[PDB]
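We begin with a single chain expressed as structure tokens, specifically the form deposited in one PDB entry.
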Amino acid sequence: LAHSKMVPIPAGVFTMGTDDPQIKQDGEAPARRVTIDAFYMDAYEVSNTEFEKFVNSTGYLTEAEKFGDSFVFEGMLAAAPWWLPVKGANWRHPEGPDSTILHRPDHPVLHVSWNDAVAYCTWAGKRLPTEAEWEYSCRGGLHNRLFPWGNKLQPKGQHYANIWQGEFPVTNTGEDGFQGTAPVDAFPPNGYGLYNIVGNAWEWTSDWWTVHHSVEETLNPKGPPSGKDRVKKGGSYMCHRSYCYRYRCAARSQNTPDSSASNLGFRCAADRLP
């Protein structure tokens, strides 16, 4: 296993957002041309094993552990009725105090806040990616496609990401092989070498959230200078076309930086190799 390995994301210009927004309220539009300097991106979401190395080294107590609760999806035992604040849910206990990560060491770490993610990435000699870096990386060298791999959800009849199949939120058929999370190295990589950049766990980025974007061309944009929520990208194992079509690279959502949930993790980026 090399679950902290990074890949080189090449310098380029790309179209961020879309002029065919699917969730207009989220500021998916307008499409805008963005230039990104070469940098490195983690191939994988940060796993439980990798986060444990951080905690072993630093003693870091996550925000969920200090608050004493975190959000858990009802189906696997609030923003929606299916999100419950569960006492004692945290990265080591993803569904509550009598769940464990011992059988899922290579799954993405969950119940990590934006602050927890920044602590980890900086400890590792890295940083969070910006939303633009994240989206560029997600798109994997393709232009104006829905998904990292193109426009078909199941190219060649194959599952390419861990999302929901069935009737959400009542029945997840596990058709794609995973009801909850999958190992961080599951499913094919995209054109840049990245795994589970859509689906599996949501991923924090460094940007403050806004829905107001200009069509002006930008270089290495960092998002707005202020805000209340940070941007998360990529969707999770919970997403479905019928409710929550958020497993597209252009999709975007937010949470307060001290938030945590059982479908939200992260990966790191770096200017140079650590």
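Position 1 is the first residue in the sequence shown; the rest follow in order.
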Absent coordinates between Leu77 and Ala78 - deposited residues affected, binned into four classes: 10 or more
Determine, for stretches 247-255 and 12-20, which one has the higher mean CA B-factor as deposited. 12-20
Mean C-alpha B-factor comparison - 146-154 and 195-203, higher one: 146-154
Quiz for you: based on the deposited Cα B-factor, which of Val231, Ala38, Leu219, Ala64 is highest? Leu219
At the C-alpha atoms, which of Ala124, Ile101, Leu84, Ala186 reaches the highest B-factor in this entry? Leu84
Could you look up the Cα B-factor of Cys268 in the entry and say which third of the chain it sits in: lowest, middle or highest? lowest
Using the temperature factors of the C-alpha atoms in this entry, rank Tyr160 within its chain: lowest, middle or highest third. lowest
Quick tally, chain-level thirds of C-alpha B-factors: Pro108 sits in the lowest
Entry-reported Cα temperature factor of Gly177, expressed as the chain third it lands in: lowest
Of the three thirds of the chain ranked by Cα temperature factor, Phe168 occupies the highest
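There is another form of the same protein, the form deposited with a partner chain bound; it is not shown, and what comes next is about it.
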Proximity of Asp258 to the partner chain in the deposited bound form, heavy atoms at 4.5 Å: yes
So in the deposited bound form, does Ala43 come within 4.5 Å of the partner chain, heavy atom to heavy atom? no
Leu153 within 4.5 Å of the partner chain in the deposited bound form, heavy atoms: no
Find out whether any non-hydrogen atom of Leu102 is located within 4.5 angstroms of the partner chain in the deposited bound form, and reply yes or no. no
Check for me: heavy atom within 4.5 Å of the partner chain in the deposited bound form, for each of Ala64, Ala78 and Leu264, yes or no. yes
The partner chain: the contacting residue among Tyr195, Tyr160, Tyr136, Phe71 in the deposited bound form [heavy atom, 4.5 Å]: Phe71
Considering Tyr120, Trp149, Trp202, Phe187, which brings a non-hydrogen atom within 4.5 Å of the partner chain in the deposited bound form? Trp202
If contact means a heavy atom within 4.5 Å, which one of 210-218, 238-246, 45-53, 27-35 is the stretch that engages the partner chain in the deposited bound form? 238-246
